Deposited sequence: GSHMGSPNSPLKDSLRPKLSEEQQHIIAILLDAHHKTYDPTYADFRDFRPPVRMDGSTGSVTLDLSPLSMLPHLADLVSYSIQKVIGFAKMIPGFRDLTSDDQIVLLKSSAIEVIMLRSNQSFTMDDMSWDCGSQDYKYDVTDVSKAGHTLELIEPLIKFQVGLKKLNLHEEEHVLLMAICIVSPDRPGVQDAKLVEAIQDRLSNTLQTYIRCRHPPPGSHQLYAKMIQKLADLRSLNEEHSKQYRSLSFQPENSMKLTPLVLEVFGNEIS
């Protein structure tokens, strides 16, 4: 049954998410969309950082550990948070108006291939099929970020203790608040989605390394994108 502490965490994560997710950039136009979507991702990294800072216990981590968690989770959290604006009606990210509505055609014009885009879209469909509560969605984003198995973490035990608190809150939430049979193996399906994001992260990194090796494309990126994803 959900403790005071557990309800507190959920309340904090929902508010952090509402404050940092809104359903200025170079305008949308094989690379025609790279400037706009580099800007969109660069901006979305700032939102991820805004959310991460409000995760209970995140602030207790060293600056270095905060940096390695954010560097390694940022693209995964961007893909994961986008799910709320994703519409199975026409497999698009429909951010209000048609200018800022993104289908397979649009997101494939930024020098990334269907090797990334097709799994990304299947991931969004698979996540919609789970029909998560916003409570489960914000817990999954927090567990995604505060992960003790990211390369470069110094205090794995502290990150593990924070993640376990978040994991325990999530499992408790599912048992008390998620309607069976929708609750059945829901925790395990959500962890599987975190695994699908690690694989999407790896494919993004491979493709980013090639794209960003081409200086004519690097030129279209942003300083934050270069610092987070690399040179």
query	finding
Deposited residues absent from the coordinates (by C-alpha)	1-17, 41-46, 53-66, 269-271
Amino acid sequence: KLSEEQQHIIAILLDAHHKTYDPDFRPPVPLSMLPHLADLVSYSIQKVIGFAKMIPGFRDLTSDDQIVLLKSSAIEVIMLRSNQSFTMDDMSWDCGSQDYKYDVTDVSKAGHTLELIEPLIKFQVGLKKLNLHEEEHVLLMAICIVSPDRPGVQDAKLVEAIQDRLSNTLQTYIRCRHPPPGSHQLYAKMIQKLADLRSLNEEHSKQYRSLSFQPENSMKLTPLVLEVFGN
From here on, numbers count along this sequence of modelled residues.
| item | value |
| --- | --- |
| Mean C-alpha B-factor comparison - 152-160 and 138-146, higher one | 152-160 |
| Of 90-98 and 71-79, the stretch whose C-alpha atoms average the higher B-factor in the entry | 90-98 |
| Most elevated Cα B-factor in the entry, residues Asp196, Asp39, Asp60, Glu203 | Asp60 |
| For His133, the third of its chain into which the C-alpha B factor falls | lowest |
| Third of the chain's Cα B-factor distribution that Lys220 belongs to, per the entry | middle |
| Cα B factor band for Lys189 (lowest, middle or highest third within the chain) | lowest |
| For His18, the third of its chain into which the C-alpha B factor falls | middle |
| Record-listed C-alpha B factor of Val29: chain third | highest |
